[PDB]
Amino acid sequence: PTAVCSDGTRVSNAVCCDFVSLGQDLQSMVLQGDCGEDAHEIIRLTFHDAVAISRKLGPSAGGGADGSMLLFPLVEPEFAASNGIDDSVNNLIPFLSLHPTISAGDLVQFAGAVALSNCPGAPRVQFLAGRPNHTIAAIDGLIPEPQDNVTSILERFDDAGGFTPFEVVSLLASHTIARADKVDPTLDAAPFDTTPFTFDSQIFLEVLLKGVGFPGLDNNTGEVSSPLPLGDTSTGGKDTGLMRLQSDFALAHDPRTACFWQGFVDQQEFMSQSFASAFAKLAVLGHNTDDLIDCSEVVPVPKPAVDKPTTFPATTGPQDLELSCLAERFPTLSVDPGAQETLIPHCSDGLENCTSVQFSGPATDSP
Ligand code: HEM
Ligand SMILES: [Ca+2]
Ligand SMILES: [Ca+2]
């Protein structure tokens, strides 16, 4: 039967109401209403948790979106492909005891939904509840890495959950709010687009620009040349230059994915809706949705899309594009004014001094 929650929210099932206080606590204690570092790491964790499942290897290889990262924090977070996931894992573990009626699998996906809601332009994603509270650790080798080629990436996603090439590119819209801490051992928080706190299509445009240098070292595994490599970190600042992943470049130019990649450029609603649909599928890997309950109403309403059009960043323009898609013309877009590269802020407030919540915990990392 229907019910009304603590905060006035009408739900299809009263058990959804347990998520209201969880959302409040996730925000007050970790996310702080921001599309910042902790939000981004938690969104990354939804993927590392969910994708560790394999049709061909069978259920013993991994249970998908099952909270295995939180329940066995000494196993999967320490596999090489998940280096750095310890931060999100350690931030979420305390909520397991604070909200004991909510399974680890549900906690991971709900935290991701809440984190996304903090990012202007992100969709209000579906949230189904009821993932069982027990599982076992997945095997190693199920998480794509940035040095992987498109055939490998597409096969891994198909084997995980039957994702199509369009759905894979749609999921990679997440790199609009993504940065790298481990790819380059000399850089922290190297952003993948010029607006890492805005859920927009800048990532799609900016990967199509010609690379001209590197924000740090020039020979990291999984990294390729960036169109906007400079930052202020050589003088002690925290505004790291833009980084490009090999996998994003590869997706942008492969015949199976290039038109889907370009198709999101300056198509905000299409991008956000496409991400939402693919992400809802990701969030329930390892489950029959018949066995879950719809609690979508308790996902917060996201911050609205920004007013700003999609544009070329300062010092770039259409002459710098490397295009691969014959089926759709790249749209005419304005160029941001400026004679030098604009520093990409380290913080959503435009400054460099922001700090993030980090709980201590059992998961670890390396360099
Ligand atoms: C081919 C598939 C993918 C590859 C190779 C990949 C690779 C990466 C890499 C190398 C990083 C940087 C980690 C670091 O060094 O700190 C990263 C960050 C991130 N990834 Fe992806 N990723 C993939 C798919 C996804 C998907 C499907 C999602 C979610 C739907 C996702 C969400 C994120 C987010 C939000 C971050 C940023 C974390 C932060 O800024 O703190 N990724 N990814
Ligand atoms: Ca898992
Ligand atoms: Ca962005």
Side-chain angles (χ1 to χ4, degrees), residues 35-53 61-72 75-76 81-85 87-88 104-105 108-109 112 115-116 119-122 125 131 135-138 142-150 152-154 156-157 160 163 167-185 187-206 220-223 243 245-248 250-251 257 271 275-276 278-279 281-283 285-286 306 310 344 356 365 367:
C35 187
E37 178 68 20
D38 284 3
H40 300 163
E41 288 285 4
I42 278 164
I43 295 161
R44 180 189 175 204
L45 178 59
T46 67
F47 172 59
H48 285 240
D49 191 23
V51 79
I53 182 166
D66 62 355
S68 63
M69 287 278 170
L70 304 189
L71 291 171
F72 301 89
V75 184
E76 292 172 71
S82 286
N83 188 29
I85 213 70
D87 291 344
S88 60
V108 168
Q109 296 305 325
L116 280 162
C119 300
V125 300
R131 300 165 185 78
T135 192
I136 70 162
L142 300 172
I143 300 179
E145 294 180 60
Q147 69 271 22
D148 296 350
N149 69 22
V150 171
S152 171
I153 290 166
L154 295 178
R156 182 74 278 282
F157 276 96
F163 296 93
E167 289 170 325
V168 175
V169 177
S170 297
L171 287 169
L172 271 290
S174 63
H175 282 190
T176 195
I177 46 162
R179 315 188 289 183
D181 308 322
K182 300 302 191 182
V183 175
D184 186 324
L187 303 177
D188 189 43
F192 299 158
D193 83 3
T194 52
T195 56
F197 319 101
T198 309
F199 205 95
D200 57 14
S201 69
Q202 292 302 138
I203 181 71
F204 292 101
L205 179 152
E206 293 168 1
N220 301 307
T221 298
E223 183 178 344
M243 178 178 288
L245 298 184
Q246 186 279 158
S247 43
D248 288 343
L251 287 165
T257 51
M271 183 196 69
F275 174 81
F279 189 76
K281 180 177 177 168
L282 182 70
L285 292 181
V306 301
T310 299
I344 301 166
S356 297
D365 72 341

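The residues of the chain are indexed from 1 along the displayed sequence. What's counted below: heavy atoms across the whole structure, side chains too, no hydrogens, waters or symmetry copies. Remember, it's 1-based here, ligands and their atoms both numbered in the order they're listed.
- Nearest protein neighbour of atom 36 (C) of ligand 1, counting heavy atoms only, is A178 CB, 3.5 Å.
- Contacts between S247 and ligand 1 below 4.0 angstrom, taking non-hydrogen atoms only, involve the side chain exclusively.
- Looking from atom 14 (C) of ligand 1 to the surrounding protein, the closest heavy atom is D181 N, 3.3 Å.
- Atoms of ligand 1 found under 4.0 Å from any heavy atom of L172 (numbered from 1 in listed order, with element): 23 (C), 24 (C).
- The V183 neighbourhood of ligand 1 comprises atoms 10 (C), 15 (O), with distances under 4.0 Å to a heavy atom of that residue.
- Of all protein N/O/S atoms, those lying under 3.0 Å from the Ca ion (ligand 2) come to 5.
- Coordination check, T198 versus the Ca ion (ligand 3): passed, since an N/O/S atom of the residue sits under 3.0 Å.
- Checking side-chain atoms of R156 against main-chain N and O of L142 turns up a donor-acceptor pair under 3.5 Å.
- At a cut-off of 3.0 Å, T195 is counted among the residues with an N, O or S atom near the Ca ion (ligand 3).
- In this structure, of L245, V51, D38, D365, the residue bringing a heavy atom nearest to atom 9 (C) of ligand 1 is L245.
- A 4.5 Å side-chain heavy-atom check between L116 and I43 finds at least one atom pair inside the cut-off.
- For atom 22 (N) of ligand 1, the nearest non-hydrogen atom of the protein is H175 NE2, 3.1 Å.
- Nearest N, O or S atom of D200 to the Ca ion (ligand 3): atom OD1.
- Atom 15 (O) of ligand 1 has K182 N, 2.9 Å as its closest protein atom, hydrogens excluded (heavy atom only).
- Put simply, the side chain of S82 reaches to within 4.5 Å of the side chain of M69, judged on heavy atoms.
- Between the side chain of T176 and the backbone N or O of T198 there is at least one donor-acceptor pair closer than 3.5 Å.
- Here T176 contributes O and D193 contributes OD1, and at the Ca ion (ligand 3) these two atoms make an angle of 80°, given to 10°.
- Here the side chains of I85 and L45 are in contact, with some heavy-atom distance below 4.5 Å.
- Remark: side-chain polar atoms of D181 are paired, donor with acceptor, to backbone N or O of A189 under 3.5 angstrom.
- Between atom 30 (C) of ligand 1 and the options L116, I42, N83, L171, the minimum heavy-atom separation is to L171.
- Neither the backbone nor the side chain of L251 has any atom closer than 4.0 Å to an atom of ligand 1 (non-hydrogen atoms only).
- The protein non-hydrogen atom at the shortest distance from atom 29 (C) of ligand 1 is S174 OG, 3.5 Å.
- Closest approach of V75 and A137 over heavy atoms only: CG1-CB, 3.7 Å.
- In terms of protein heavy-atom proximity, atom 39 (C) of ligand 1 is closest to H40 CB, 3.4 Å.
- Interface of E145 with ligand 1, defined as ligand atoms under 4.0 Å from a residue heavy atom, comprises 5 (C).
- Between the choices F47, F275, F157, the shortest heavy-atom distance to atom 25 (C) of ligand 1 belongs to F47.
- The shortest side-chain heavy-atom distance between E167 and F157 does not fall under the 4.5 Å cut-off.
- Contact of the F163 side chain with the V51 side chain is not registered, since no non-hydrogen atoms from C-beta on lie closer than 4.5 Å.
- In plain terms, the two heavy atoms of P144 and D148 that are nearest each other are CA-OD2, 3.6 Å.
- With hydrogens and angles disregarded, a donor-acceptor distance shorter than 3.5 Å links the side chain of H40 to the backbone of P196.
- Annotation: side chain of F192 is not in contact with side chain of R179 (no heavy-atom distance under 4.5 Å).
- When side chains are defined from C-beta on, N220 counts as touching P185, because their heavy atoms get closer than 4.5 Å.
- A side-chain donor-acceptor contact under 3.5 Å links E76 to the backbone of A138.
- At least one side-chain heavy atom of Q109 sits under 4.5 Å from a side-chain heavy atom of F279.
- For atom 40 (O) of ligand 1, the closest non-hydrogen atom of the protein is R179 N, 2.9 Å.
- For the ligand labelled ligand 1, residue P146 lies inside the 4.0 Å heavy-atom shell.
- In this structure, atom 11 (C) of ligand 1 lies nearest to the protein heavy atom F192 CZ, 3.8 Å.
- Using modelled atom types, no side-chain atom of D49 and backbone atom of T46 make a donor-acceptor pair closer than 3.5 Å.
- If you number the atoms of ligand 1 from 1 as listed, the ones under 4.0 Å from a heavy atom of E37 come out as 41 (O).
- Salt-bridge check for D365 with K182: passed, with a basic side-chain N closer than 4.0 Å to an acidic carboxylate O.
- For the Ca ion (ligand 3), the N/O/S atoms of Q202 include none lying under 3.0 Å.
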